[PDB]
Amino acid sequence: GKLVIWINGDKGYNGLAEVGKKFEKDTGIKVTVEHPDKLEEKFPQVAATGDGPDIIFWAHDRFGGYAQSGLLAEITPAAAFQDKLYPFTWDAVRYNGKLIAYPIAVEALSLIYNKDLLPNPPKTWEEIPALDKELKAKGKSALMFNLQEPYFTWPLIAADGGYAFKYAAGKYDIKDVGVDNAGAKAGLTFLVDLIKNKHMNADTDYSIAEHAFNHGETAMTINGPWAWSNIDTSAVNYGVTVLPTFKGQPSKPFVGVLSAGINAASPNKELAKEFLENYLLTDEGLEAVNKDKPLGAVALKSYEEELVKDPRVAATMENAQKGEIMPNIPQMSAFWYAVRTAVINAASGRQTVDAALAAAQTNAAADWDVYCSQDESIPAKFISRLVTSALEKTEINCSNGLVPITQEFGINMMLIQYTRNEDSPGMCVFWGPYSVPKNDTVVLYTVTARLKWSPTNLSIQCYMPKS
Amino acid sequence: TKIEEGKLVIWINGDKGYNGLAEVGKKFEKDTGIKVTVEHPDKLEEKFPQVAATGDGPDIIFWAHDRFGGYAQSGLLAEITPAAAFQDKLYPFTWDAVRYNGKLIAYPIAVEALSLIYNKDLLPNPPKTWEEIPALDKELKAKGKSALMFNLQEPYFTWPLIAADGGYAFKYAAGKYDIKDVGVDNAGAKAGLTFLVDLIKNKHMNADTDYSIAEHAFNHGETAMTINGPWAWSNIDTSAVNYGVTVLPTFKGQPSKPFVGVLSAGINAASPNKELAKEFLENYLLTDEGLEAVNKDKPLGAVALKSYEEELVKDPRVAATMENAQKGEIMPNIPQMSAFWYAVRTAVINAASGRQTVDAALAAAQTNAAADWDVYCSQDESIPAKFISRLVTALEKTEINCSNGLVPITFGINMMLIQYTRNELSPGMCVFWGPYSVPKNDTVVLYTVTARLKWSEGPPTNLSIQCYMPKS
Ligand SMILES: OC[C@H]1O[C@H](O[C@H]2[C@H](O)[C@@H](O)[C@@H](O)O[C@@H]2CO)[C@H](O)[C@@H](O)[C@@H]1O
Ligand SMILES: OC[C@H]1O[C@H](O[C@H]2[C@H](O)[C@@H](O)[C@@H](O)O[C@@H]2CO)[C@H](O)[C@@H](O)[C@@H]1O
Ligand SMILES: *[C@@H]1O[C@H](CO)[C@@H](O)[C@H](O)[C@H]1NC(C)=O
Ligand SMILES: *[C@@H]1O[C@H](CO)[C@@H](O)[C@H](O)[C@H]1NC(C)=O
Ligand SMILES: *[C@@H]1O[C@H](CO)[C@@H](O)[C@H](O)[C@H]1NC(C)=O
Ligand SMILES: *[C@@H]1O[C@H](CO)[C@@H](O)[C@H](O)[C@H]1NC(C)=O
C-alpha cells in the first residue's frame with residue numbers, strides 16, 4: 001500500500017515528492033521519491049529480482065529494453081486521457097504495438113549562453129575556436145559541456161550525417177549503423193581537434209560544466225531544461241538558443257521523452273496509474289515539478305500551451321525538431337554505451353577517431369556485453385543478449401585459442417580470464433597486456449569475436465590500471 | 001563499478017543477528033568515518049549470484065559456506081589474504097570450509113548445527129530416539145499438545161534424520177568429493193525419510209509445519225519439542241518457556257547427522273571497497289566485542305573465533321550445538337550443493353504431499369543432484385523463473401519439456417527463462433506446466449517442468465523443476 005518512485009537526480013524530484021504528498025493526503029497512500037545513481041542500469045537488475053520501485057522515470061529510449069525483459073506493465077489509459085497528450089509522445093512509448101509507459105515531457109539539448117560575456121553567440125561550431133582564443137585572453141572560456149556522456153556530443157556527431165540506426169522496412173535496422181560514416185568521423189574529429197588545441201578539456205563532465213558556466217567562468221554550455229533552475233539561482237543572465245551548425249548543417253540532438261514506466265512486479269499498479277493519470281499529469285502537478293526544475297515541453301496539452309510562451313521551451317522544441325526522436329529498441333542500451341566509449345577514448349587519445357568509431361559500430365549492435373573488473377585476479381564476464389528474433393555460431397578469439405558458442409536461447413555467459421593460466425577446460429583468456437598510447441598508468445586486454453548469421457566481427461576491450 | 005565506493009553494504013539472512021552487526025557498523029563508521037548498511041533480503045543466497053554477475057550487489061555477503069563455492073566458480077568472490085597470525089586466530093577446519101581451489105573465498109564468522117530444543121516442564125527427559133516420538137505425541141495429543149514440531153519445508157532441518165542411517169550428499173574420494181556418487185537414494189535415506197513420512201501419515205506431525213508454525217507452536221507451549229539452530233534461542237528467550245538444548249534423537253541406534261554450516265562473509269569481486277571490507281572483518285567483526293554484539297542480537301552458535309568460543313562452550317546450549325555438530329558433517333562447498341539441496345527439498349515435499357513414493361522421490365532426487373543445475377523461482381508471475389546450467393568440465397545435450405513445447409539446448413554458463421504465463425516479450429519460449437493443485441494447501445500453487453539430459457556416456461537422466469506461488 002505504498003508507491004516508490006525512481007527518477008534521476010538532475011530532474012526535480014522535490015516537486016514530484018510534493019505531488020506524492022498530495023496523493024498521500026487524499027488517498028492515504030504514502031509516496032516516496034528516490035534518485036539512485038545510474039538508475040537506468042540498476043533498475044533491470046533489481047526488477048528481475050522482484051524488488052525495485054513501482055514507477056520508474058526515464059527517457060523512453062531505455063524502456064523498450066525493459067519491456068523486452070518483461071519488467072514493464074502494459075498501459076491501458078482511457079481514450080480521453082490519451083487525447084489529453086500529443087500523439088507523437090504516445091508513439092515514442094509504443095513498443096511492439098503496446099503502450100509501455102506514460103509520456104511526461106519532451107527533452108532536447110539546447111545552447112545556453114551568457115549574454116553579458118557573449119551577447120551574440122555563434123551560429124556555427126567552426127567559430128568556437130576563434131572565440132575561445134579571445135575569451136581565454138580575458139580569463140574566460142568559450143564553451144564547456146559534458147564530454148563523458150555521448151548524449152551531449154551526439155548533436156555534433158550526427159549533424160554531418162552520423163546516425164545511430166537506419167530505419168527501413170517499418171523498423172530500425174540493426175545491421176545498418178551509421179557511427180562509422182564520414183559525418184560522424186567529421187564531427188567527432190572536430191571535437192578531438194577542439195581538445196587538441198586546448199579549447200576544451202577531455203576530462204570535463206556534467207558537474208564541471210555546470211560549475212564553470214553557472215559561476216561565470218565559461219560563456220556557453222550545452223544542456224537541457226533541468227539545468228535552467230540552477231542558473232536562475234546563480235548571478236548569470238543566460239539565453240537559450242539553437243545549437244551551432246556544423247559544416248553548414250544544424251546540430252541534431254537525440255530527442256528524449258521523459259516517461260514513467262510501471263514495474264511488472266508491482267502490486268500497486270492501480271495506485272501507480274491513479275497517481276500518474278489523475279495526480280502527476282495535470283496543470284498543477286507538472287507545474288510543481290516544473291517549479292523545482294524545468295521539464296522542457298511537457299506532453300500535456302493544457303500546460304504545454306502555457307509553456308510554449310517560454311522562449312526557452314520554444315528553443316527546446318526548435319532544437320528538438322532539428323534533432324530526432326530516440327528509438328526505444330533495447331539495442332539503444334548498447335549504442336549509448338558503445339558511443340560513450342568512442343568519445344571518451346578518442347578524447348583521451350587512447351584511440352584514433354577511426355578505430356573508436358569502428359569499434360563503436362561493431363559494439364552498437366550488441367549480442368554480448370562485457371564486464372571488466374578493476375582487479376586482474378577476478379575474471380571479466382561475458383553476458384550475451386536475449387536475441388528473441390540469425391544467432392547461429394559465434395567464435396571467440398582468445399590467447400589460449402578460440403572458444404565456439406552456438407545458438408541455444410535466452411542468456412549465455414562466459415568468463416574471460418585476465419592473463420593467468422590458472423587447467424585447460426575449454427576456457428578463454430584475454431590478450432595482452434597491451435600498451436595504451438599517451439597513458440603509462442593503464443594497460444589494455446582485448447578479445448575479438450566473429451559472429452555467423454543466416455559474417456560480422458566485434459572487438460571487446462578492457463582497460464585496467466597497472467598499479 | 002555499480003557498487004557505491006566509500007561505503008560498505010552487507011547482506012545477511014533474516015534469522016541472523018543483523019542488528020548487532022549494524023551496531024558493529026556504527027563502531028566502524030565512528031572510527032573510520034565509513035558508513036555500513038546492513039540488509040537482509042529474502043532469498044539472498046539465490047539473489048546474490050544474479051546481481052553480482054552484473055557488477056552490483058553488496059560489498060560483503062553473509063551466508064553458510066556451502067553456497068560460496070558456486071559463487072567462486074562464477075568469479076563472484078574476491079580472494080581473501082589474511083595474515084598468518086590472523087589465520088591462526090581461527091580453527092583450521094573453518095578456514096578449510098571457506099577454502100575453494102586453494103584460495104580462501106571468505107571469513108568463517110561462526111559454526112552452525114541443528115539441535116533439539118525441548119520444554120523442561122512438558123518433557124522431563126528428552127527422547128533419545130526418533131522411534132519414541134510416535135508414542136509420546138499420542139500422549140501429548142490427549143493433553144492438547146504435540147511431541148515435535150519443526151520446519152519440514154527446508155531440507156536443512158530434515159537432513160539429520162535422513163542421513164543418520166547412512167544417507168549422504170556426496171562421496172569423498174581421492175581428496176575430492178565425487179559428483180557422480182550421490183547417497184540420497186541409498187537405504188539409509190529411505191529409512192529416515194520413510195520414518196518422517198510415517199510420522200506424518202499417523203498425524204504425529206503436519207506436513208505443512210514450517211519455521212514460523214514450529215517456532216509459534218513451541219514458543220507458545222503448543223508442542224513439547226522443536227529442531228532448530230542457535231538463532232532461534234533469542235525468540236525462545238522472549239517467550240515464557242524454560243527450554244533445554246540437547247542432542248538430536250538417534251534413529252535406528254545411530255546419531256542424527258545434521259549438516260554443519262559455517263557462517264561466513266565473502267567479499268563481492270566487483271566491490272571497489274575490498275580494503276575497507278577486509279579492515280572491517282578482521283579488526284571489527286572478528287573480535288570478542290563484535291561477536292558479542294551480534295551474539296546479543298542473535299546467538300551465533302559456536303563461533304570460529306577461539307577467544308570467544310572458549311567462553312561460549314561454557315554455555316550448555318553451545319556444548320550441545322558442538323555435540324550435534326561433531327556428530328554431523330561439514331557441508332561441502334562445491335557448486336553442486338545447490339543442486340543437492342533443491343533435490344532433497346523437492347523429494348521431501350513430494351513424499352510429504354503424497355505425490356510420489358519415497359523410493360521414486362529419492363531416485364529422482366539422485367538424478368537431480370548430479371547435474372549441477374539451479375533454478376530461481378520468482379514470487380511474482382510477471383518475472384519468469386530462471387533455470388541455470390553450469391558447465392563444470394559432461395552434458396552433451398539438455399531438452400526441456402514445456403507447455404508450449406520442448407526446447408532443445410546444447411561452453412560457459414547458460415541461463416534459460418521458464419515462463420509462468422506467456423507475455424509480450426520468442427522462438428525458444430518455455431512456459432511452465434500448470435498451475436497445479438497442492439494437497440492440503442489452498443494458498444500455494446505449483447508449476448512444474450521436466451528436462452531430459454543426455455551425457456553421451458551411459459543412461460540419460462531426467463530432472464524436475466518445481467516453483468511454488470501464492471494465490472490472491
Ligand atoms: O548519455 C547517453 C544517455 O542519454 C540519455 O540520457 C540523458 C537523459 O535523457 C536526460 O534526461 C538526462 O538525464 O541526461 C542524460 C545524459 O546525461 C538517455 O536517456 C540514456 O539512455 C543514455 O544513456
Ligand atoms: O535447506 C536448504 C539450505 O540449507 C542451508 O541453509 C541454512 C543456513 O545454512 C543457515 O545459516 C540458516 O540460515 O538456515 C538455513 C536454512 O533455513 C544451506 O546453507 C543453504 O545453502 C540451503 O539452501
Ligand atoms: C586472433 O587474434 C590475433 C590478434 O589478437 C590474430 O593474430 C589471430 O590471427 C586471430 N585468430 C583468428 C583465428 O582469427
Ligand atoms: C590514464 O588513465 C587513467 C584511468 O585509470 C586516468 O585516471 C588517468 O587520468 C589517465 N592519464 C592520462 C595522462 O591520460
Ligand atoms: C503451503 O506450502 C508451503 C510450502 O512452501 C508451506 O510453507 C505452507 O506452510 C503451506 N501452507 C500455507 C497455508 O501456506
Ligand atoms: C512432456 O510432458 C508431458 C506432461 O505434461 C508428457 O505427457 C509428455 O509425454 C512429455 N513429453 C516427452 C517427450 O517426454
# chains A, B, ... in the order shown; residues from 1 in each chain; ligands from 1
$ interface_residues --of "chain B" --to "chain A" --cutoff "8 Å" --atoms "only C-alpha atoms" --output "NGL selection string"
:B and (2 or 47 or 50-51 or 53-56 or 74-79 or 269-270 or 272 or 378-383 or 393 or 408-417 or 423-428)
$ residues_around --residues "residue B:357" --least-positions-apart "2" --cutoff "12 Å" --atoms "only C-alpha atoms" --output "ChimeraX atom specification"
/B:190,193-194,197-198,347-355,359-364
$ residues_around --residues "residue A:321" --least-positions-apart "3" --cutoff "12 Å" --atoms "only C-alpha atoms" --output "mmCIF file with N, CA and C atoms, in the first residue's frame"
data_model
loop_
_atom_site.group_PDB
_atom_site.id
_atom_site.type_symbol
_atom_site.label_atom_id
_atom_site.label_comp_id
_atom_site.auth_asym_id
_atom_site.auth_seq_id
_atom_site.Cartn_x
_atom_site.Cartn_y
_atom_site.Cartn_z
ATOM 1 N N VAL A 106 9.079 16.345 -23.062
ATOM 2 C CA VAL A 106 9.976 16.260 -24.208
ATOM 3 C C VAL A 106 11.263 16.999 -23.860
ATOM 4 N N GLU A 107 12.401 16.341 -24.075
ATOM 5 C CA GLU A 107 13.710 16.892 -23.747
ATOM 6 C C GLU A 107 14.569 16.946 -24.999
ATOM 7 N N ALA A 108 15.218 18.086 -25.216
ATOM 8 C CA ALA A 108 16.226 18.213 -26.256
ATOM 9 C C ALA A 108 17.279 19.196 -25.774
ATOM 10 N N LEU A 109 18.539 18.895 -26.068
ATOM 11 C CA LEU A 109 19.623 19.778 -25.666
ATOM 12 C C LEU A 109 19.564 21.085 -26.446
ATOM 13 N N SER A 110 19.959 22.166 -25.778
ATOM 14 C CA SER A 110 19.988 23.487 -26.384
ATOM 15 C C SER A 110 21.255 24.201 -25.941
ATOM 16 N N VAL A 242 19.372 28.142 -30.461
ATOM 17 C CA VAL A 242 19.635 26.959 -31.271
ATOM 18 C C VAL A 242 21.090 26.540 -31.118
ATOM 19 N N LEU A 243 21.333 25.237 -31.221
ATOM 20 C CA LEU A 243 22.696 24.738 -31.192
ATOM 21 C C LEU A 243 23.450 25.216 -32.434
ATOM 22 N N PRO A 250 22.473 21.864 -39.285
ATOM 23 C CA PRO A 250 22.057 22.036 -37.890
ATOM 24 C C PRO A 250 22.448 20.837 -37.042
ATOM 25 N N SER A 251 22.856 21.116 -35.806
ATOM 26 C CA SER A 251 23.135 20.043 -34.862
ATOM 27 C C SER A 251 21.856 19.272 -34.569
ATOM 28 N N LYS A 252 21.980 17.944 -34.483
ATOM 29 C CA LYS A 252 20.839 17.036 -34.409
ATOM 30 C C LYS A 252 20.877 16.287 -33.083
ATOM 31 N N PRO A 253 20.417 16.906 -31.998
ATOM 32 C CA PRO A 253 20.387 16.201 -30.712
ATOM 33 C C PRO A 253 19.366 15.078 -30.720
ATOM 34 N N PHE A 254 19.677 14.017 -29.983
ATOM 35 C CA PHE A 254 18.724 12.928 -29.821
ATOM 36 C C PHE A 254 17.646 13.363 -28.839
ATOM 37 N N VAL A 255 16.400 13.350 -29.291
ATOM 38 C CA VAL A 255 15.287 13.887 -28.519
ATOM 39 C C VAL A 255 14.713 12.772 -27.655
ATOM 40 N N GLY A 256 14.754 12.966 -26.340
ATOM 41 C CA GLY A 256 14.137 12.048 -25.413
ATOM 42 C C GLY A 256 12.758 12.505 -24.982
ATOM 43 N N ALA A 297 9.349 21.020 -22.848
ATOM 44 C CA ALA A 297 7.987 20.968 -23.367
ATOM 45 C C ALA A 297 7.305 19.717 -22.828
ATOM 46 N N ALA A 314 10.445 27.178 -26.356
ATOM 47 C CA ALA A 314 10.394 27.303 -27.808
ATOM 48 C C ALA A 314 11.718 26.884 -28.436
ATOM 49 N N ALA A 315 12.836 27.333 -27.859
ATOM 50 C CA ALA A 315 14.143 26.908 -28.348
ATOM 51 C C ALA A 315 14.326 25.407 -28.182
ATOM 52 N N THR A 316 13.858 24.857 -27.059
ATOM 53 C CA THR A 316 13.946 23.417 -26.849
ATOM 54 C C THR A 316 13.228 22.660 -27.956
ATOM 55 N N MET A 317 12.068 23.161 -28.388
ATOM 56 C CA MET A 317 11.331 22.495 -29.455
ATOM 57 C C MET A 317 11.954 22.763 -30.818
ATOM 58 N N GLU A 318 12.687 23.867 -30.962
ATOM 59 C CA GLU A 318 13.422 24.113 -32.199
ATOM 60 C C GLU A 318 14.555 23.107 -32.362
ATOM 61 N N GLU A 324 16.260 14.292 -33.652
ATOM 62 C CA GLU A 324 15.440 13.125 -33.936
ATOM 63 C C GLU A 324 15.025 12.466 -32.632
ATOM 64 N N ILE A 325 13.871 11.800 -32.668
ATOM 65 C CA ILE A 325 13.396 11.047 -31.512
ATOM 66 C C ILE A 325 14.223 9.777 -31.373
#
$ residues_near_ligand --ligand "ligand 1" --cutoff "9 Å" --atoms "only C-alpha atoms and all ligand atoms" --output "number ranges by chain"
A: 8-11, 40, 58-63, 107-108, 146, 148-154, 206, 223-224, 226, 254-258, 326, 332-337, 339-340
$ write_last_selection --atoms "C-alpha atoms" --output "tab-separated table (two decimals), in the first residue's frame"
chain	number	residue	atom	x	y	z
A	8	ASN	CA	17.19	10.96	-11.98
A	9	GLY	CA	18.78	13.49	-9.66
A	10	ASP	CA	19.10	16.32	-12.18
A	11	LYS	CA	15.33	16.20	-12.67
A	40	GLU	CA	18.61	3.03	-15.72
A	58	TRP	CA	13.47	7.85	-17.55
A	59	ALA	CA	13.66	8.83	-21.20
A	60	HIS	CA	11.82	6.43	-23.49
A	61	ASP	CA	14.99	5.13	-25.16
A	62	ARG	CA	15.60	2.61	-22.36
A	63	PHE	CA	12.01	1.46	-21.94
A	107	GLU	CA	13.71	16.89	-23.75
A	108	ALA	CA	16.23	18.21	-26.26
A	146	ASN	CA	29.91	17.23	-20.60
A	148	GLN	CA	31.71	11.96	-20.62
A	149	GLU	CA	28.14	11.25	-21.79
A	150	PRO	CA	27.63	10.84	-25.56
A	151	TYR	CA	24.18	12.43	-25.28
A	152	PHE	CA	25.85	15.86	-25.18
A	153	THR	CA	28.35	15.22	-28.01
A	154	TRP	CA	25.85	13.46	-30.31
A	206	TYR	CA	28.44	17.46	-16.23
A	223	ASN	CA	22.28	21.41	-21.56
A	224	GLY	CA	18.57	20.73	-21.24
A	226	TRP	CA	16.53	20.55	-15.99
A	254	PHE	CA	18.72	12.93	-29.82
A	255	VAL	CA	15.29	13.89	-28.52
A	256	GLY	CA	14.14	12.05	-25.41
A	257	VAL	CA	10.64	11.80	-23.97
A	258	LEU	CA	10.56	11.61	-20.19
A	326	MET	CA	15.47	8.31	-29.92
A	332	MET	CA	19.94	1.53	-27.61
A	333	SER	CA	21.45	0.43	-24.29
A	334	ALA	CA	24.35	-0.96	-26.33
A	335	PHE	CA	24.52	2.07	-28.64
A	336	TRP	CA	24.79	4.64	-25.85
A	337	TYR	CA	27.49	2.54	-24.19
A	339	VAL	CA	29.41	5.68	-28.32
A	340	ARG	CA	30.18	6.60	-24.70
$ residues_near_ligand --ligand "ligand 5" --cutoff "10 Å" --atoms "only C-alpha atoms and all ligand atoms" --output "PyMOL selection string"
chain B and resi 151-154+206-213+345+349+353+438-446+467-471
$ residues_near_ligand --ligand "ligand 2" --cutoff "10 Å" --atoms "only C-alpha atoms and all ligand atoms" --output "NGL selection string"
:B and (12-16 or 43 or 45-46 or 62-68 or 110-114 or 151-159 or 210-211 or 228-231 or 259-264 or 300 or 331 or 333 or 337-345)
$ residues_around --residues "residue A:177" --least-positions-apart "2" --cutoff "9 Å" --atoms "only C-alpha atoms" --output "JSON, numbers by chain"
{"A": [162, 163, 164, 165, 166, 173, 174, 175, 179, 180, 181, 361, 362, 364, 365]}
$ residues_around --residues "residue A:440" --least-positions-apart "2" --cutoff "12 Å" --atoms "only C-alpha atoms" --output "PDB file with N, CA, C and O atoms, in the first residue's frame"
ATOM      1  N   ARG A 350      43.388   7.617 -26.320  1.00  0.00           N
ATOM      2  CA  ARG A 350      43.524   6.167 -26.245  1.00  0.00           C
ATOM      3  C   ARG A 350      43.344   5.523 -27.614  1.00  0.00           C
ATOM      4  O   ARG A 350      44.023   4.542 -27.941  1.00  0.00           O
ATOM      5  N   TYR A 434      48.561  -4.990 -23.219  1.00  0.00           N
ATOM      6  CA  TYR A 434      48.906  -4.198 -24.390  1.00  0.00           C
ATOM      7  C   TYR A 434      49.071  -2.740 -23.989  1.00  0.00           C
ATOM      8  O   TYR A 434      48.426  -2.260 -23.053  1.00  0.00           O
ATOM      9  N   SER A 435      49.929  -2.036 -24.719  1.00  0.00           N
ATOM     10  CA  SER A 435      50.199  -0.639 -24.415  1.00  0.00           C
ATOM     11  C   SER A 435      48.981   0.223 -24.718  1.00  0.00           C
ATOM     12  O   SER A 435      48.163  -0.096 -25.586  1.00  0.00           O
ATOM     13  N   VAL A 436      48.858   1.316 -23.974  1.00  0.00           N
ATOM     14  CA  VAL A 436      47.826   2.319 -24.192  1.00  0.00           C
ATOM     15  C   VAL A 436      48.528   3.622 -24.568  1.00  0.00           C
ATOM     16  O   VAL A 436      49.287   4.165 -23.760  1.00  0.00           O
ATOM     17  N   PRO A 437      48.323   4.161 -25.772  1.00  0.00           N
ATOM     18  CA  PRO A 437      49.024   5.397 -26.148  1.00  0.00           C
ATOM     19  C   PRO A 437      48.743   6.534 -25.175  1.00  0.00           C
ATOM     20  O   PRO A 437      47.612   6.730 -24.726  1.00  0.00           O
ATOM     21  N   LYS A 438      49.797   7.281 -24.851  1.00  0.00           N
ATOM     22  CA  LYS A 438      49.751   8.507 -24.059  1.00  0.00           C
ATOM     23  C   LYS A 438      49.488   8.262 -22.578  1.00  0.00           C
ATOM     24  O   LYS A 438      49.495   9.226 -21.803  1.00  0.00           O
ATOM     25  N   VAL A 442      47.537   2.816 -17.431  1.00  0.00           N
ATOM     26  CA  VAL A 442      46.578   1.779 -17.785  1.00  0.00           C
ATOM     27  C   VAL A 442      47.168   0.903 -18.879  1.00  0.00           C
ATOM     28  O   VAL A 442      47.936   1.360 -19.732  1.00  0.00           O
ATOM     29  N   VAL A 443      46.796  -0.375 -18.840  1.00  0.00           N
ATOM     30  CA  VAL A 443      47.165  -1.348 -19.856  1.00  0.00           C
ATOM     31  C   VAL A 443      45.870  -1.942 -20.395  1.00  0.00           C
ATOM     32  O   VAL A 443      44.812  -1.854 -19.767  1.00  0.00           O
ATOM     33  N   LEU A 444      45.958  -2.547 -21.577  1.00  0.00           N
ATOM     34  CA  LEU A 444      44.777  -2.976 -22.316  1.00  0.00           C
ATOM     35  C   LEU A 444      44.789  -4.480 -22.549  1.00  0.00           C
ATOM     36  O   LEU A 444      45.770  -5.026 -23.066  1.00  0.00           O
ATOM     37  N   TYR A 463      40.184  -1.968 -20.273  1.00  0.00           N
ATOM     38  CA  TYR A 463      41.292  -1.171 -19.767  1.00  0.00           C
ATOM     39  C   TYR A 463      41.420  -1.369 -18.263  1.00  0.00           C
ATOM     40  O   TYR A 463      40.418  -1.423 -17.546  1.00  0.00           O
ATOM     41  N   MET A 464      42.663  -1.473 -17.787  1.00  0.00           N
ATOM     42  CA  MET A 464      42.924  -1.755 -16.380  1.00  0.00           C
ATOM     43  C   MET A 464      44.132  -0.973 -15.877  1.00  0.00           C
ATOM     44  O   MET A 464      45.111  -0.803 -16.619  1.00  0.00           O
ATOM     45  N   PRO A 465      44.103  -0.495 -14.630  1.00  0.00           N
ATOM     46  CA  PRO A 465      45.286   0.177 -14.078  1.00  0.00           C
ATOM     47  C   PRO A 465      46.426  -0.796 -13.824  1.00  0.00           C
ATOM     48  O   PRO A 465      46.221  -1.977 -13.539  1.00  0.00           O
ATOM     49  N   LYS A 466      47.650  -0.272 -13.926  1.00  0.00           N
ATOM     50  CA  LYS A 466      48.836  -1.097 -13.718  1.00  0.00           C
ATOM     51  C   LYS A 466      49.130  -1.308 -12.238  1.00  0.00           C
ATOM     52  O   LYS A 466      49.478  -2.420 -11.827  1.00  0.00           O
ATOM     53  N   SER A 467      49.004  -0.260 -11.431  1.00  0.00           N
ATOM     54  CA  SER A 467      49.350  -0.334 -10.017  1.00  0.00           C
ATOM     55  C   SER A 467      48.212   0.208  -9.160  1.00  0.00           C
ATOM     56  O   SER A 467      48.349   0.341  -7.945  1.00  0.00           O
TER      57      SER A 467
END
$ residues_near_ligand --ligand "ligand 3" --cutoff "10 Å" --atoms "only C-alpha atoms and all ligand atoms" --output "PyMOL selection string"
chain A and resi 395-402+430-432+445-450+459
$ write_last_selection --atoms "N, CA and C atoms" --output "compact mmCIF listing (two decimals), in the first residue's frame"
# COMPACT_ATOMS: atom_id res chain seq x y z
N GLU A 395 32.23 -17.36 -32.71
CA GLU A 395 33.54 -17.89 -32.34
C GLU A 395 34.36 -16.79 -31.70
N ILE A 396 34.80 -17.02 -30.47
CA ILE A 396 35.63 -16.07 -29.74
C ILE A 396 37.09 -16.38 -30.01
N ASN A 397 37.91 -15.34 -30.12
CA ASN A 397 39.34 -15.49 -30.36
C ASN A 397 40.08 -15.09 -29.08
N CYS A 398 40.71 -16.06 -28.44
CA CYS A 398 41.38 -15.87 -27.16
C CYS A 398 42.85 -16.25 -27.30
N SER A 399 43.65 -15.80 -26.33
CA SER A 399 45.08 -16.10 -26.36
C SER A 399 45.32 -17.60 -26.44
N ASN A 400 44.72 -18.36 -25.51
CA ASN A 400 44.90 -19.80 -25.46
C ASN A 400 44.23 -20.53 -26.62
N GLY A 401 43.42 -19.84 -27.41
CA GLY A 401 42.72 -20.46 -28.51
C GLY A 401 41.41 -19.75 -28.76
N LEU A 402 40.55 -20.41 -29.53
CA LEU A 402 39.22 -19.89 -29.83
C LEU A 402 38.17 -20.74 -29.15
N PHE A 430 42.17 -13.43 -21.79
CA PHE A 430 42.36 -12.18 -22.51
C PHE A 430 43.67 -12.19 -23.28
N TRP A 431 43.75 -11.32 -24.29
CA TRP A 431 45.02 -11.00 -24.92
C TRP A 431 45.74 -9.94 -24.09
N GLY A 432 46.95 -9.59 -24.51
CA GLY A 432 47.73 -8.59 -23.81
C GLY A 432 48.49 -9.16 -22.62
N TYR A 445 43.68 -5.13 -22.20
CA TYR A 445 43.43 -6.53 -22.52
C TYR A 445 42.25 -6.60 -23.48
N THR A 446 42.44 -7.27 -24.61
CA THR A 446 41.42 -7.31 -25.66
C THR A 446 41.05 -8.74 -26.02
N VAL A 447 39.89 -8.86 -26.66
CA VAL A 447 39.43 -10.10 -27.27
C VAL A 447 38.58 -9.73 -28.48
N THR A 448 38.64 -10.56 -29.51
CA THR A 448 37.81 -10.40 -30.70
C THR A 448 36.87 -11.59 -30.83
N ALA A 449 35.74 -11.36 -31.49
CA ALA A 449 34.76 -12.41 -31.72
C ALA A 449 34.18 -12.24 -33.11
N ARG A 450 33.87 -13.36 -33.76
CA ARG A 450 33.29 -13.37 -35.10
C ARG A 450 31.94 -14.06 -35.05
N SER A 459 34.82 -6.40 -31.38
CA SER A 459 36.05 -6.35 -30.61
C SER A 459 35.72 -5.86 -29.21
$ select_by_dssp --residues "stretch 172-385 of chain A" --states "helix (DSSP H, G or I)" --output "MDAnalysis selection string"
chainID A and resid 182:196 206:214 225:233 269:280 283:292 301:307 311:322 331:348 353:364
$ atom_distance --atom1 "atom CA of residue A:143" --atom2 "atom CA of residue A:247"
18.2 Å
$ select_by_dssp --residues "stretch 406-449 of chain A" --states "strand (DSSP E)" --output "list in words"
residues 406, 411, 412, 413, 414, 415, 416, 417, 428, 429, 434, 435, 436, 439, 440, 441, 442, 443, 444, 445, 446, 447, 448 and 449 of chain A
